[PDB]
């Protein structure tokens, strides 16, 4: 049996310190790590955020839950796979520790954010919401064309949290368990960039006016949404060699969607989805940075100056892509 053999390699392995694993570093790369090592790093994130302790999680159950999450990503999808989820969670961990956000949030909020980060792209098919709408997918029918993928990832998140031996939330009060599932749903839906674009203006306005206040529950929920997007997009902040490699993965997934469009829908893909247009990736990345990323990382740095490395890396990669676009 291959599954029991993975569980045993994992629950008996020593979990190295966060310092040894480099998971506190905003610049962290997963590329040299084995699958088992990514699982050990995940355990370390739950432990050093005091979640295992504060929520009385049994080791074996956390181990089983992590391996269930990992297995429920599609390995053949080029970008939206377990490594992206793992890296998103790692960025969350770095933001909370190095970025000093941990002290601004409750243990219950942190718990939800970490589970949401790990689960937020579960079972991603490697095509966009717009593709799912255009093909009349059963998912888009179930969810009325609204954040289709994200509703699906949340469904998958609940399926895993409820599977026998994977119940990492069992130590909570019933009221706190319900509140936590609601925060997880909000966090996963927030990763729909359509919702990011709708909500960002309010966030930026509060910061511009010098009025942002995390003690206000509405502003706190807005912040959690923004933080999820910041972690989700964080490959754009990484050291140049890592960003170049990840950008190639993103483009591979987009081009594969375009190939499906050309055959299943008989349409001409747009340049973003057309492999013929690979030479345009530098200009497309500069556009992505300018339209979406820069202002988000600027805004996050206002909330915590210790998150500056994310902004710094984003700006460095903009220069690198712009030089290739010329």
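Residue numbers count along the first chain shown, from 1.
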59-67 set against 272-280, stretch whose average Cα temperature factor tops the other in the entry: 59-67
48-56 versus 291-299 - which carries the larger mean C-alpha B factor in the record: 48-56
Which of 124, 75, 220, 200 ranks first by CA B-factor in the deposited coordinates: 75
Selection from 83, 100, 178, 209 [criterion: highest C-alpha temperature factor in the record]: 100
B-factor third for the C-alpha atom of residue 107 within its chain: highest
Chain-relative CA temperature factor third for residue 266: highest
Third assignment of residue 14 from its chain's C-alpha B-factors: highest
Third of chain Cα B-factors occupied by residue 312: lowest
Residue 33, C-alpha B-factor rank within chain (lowest, middle or highest third): highest
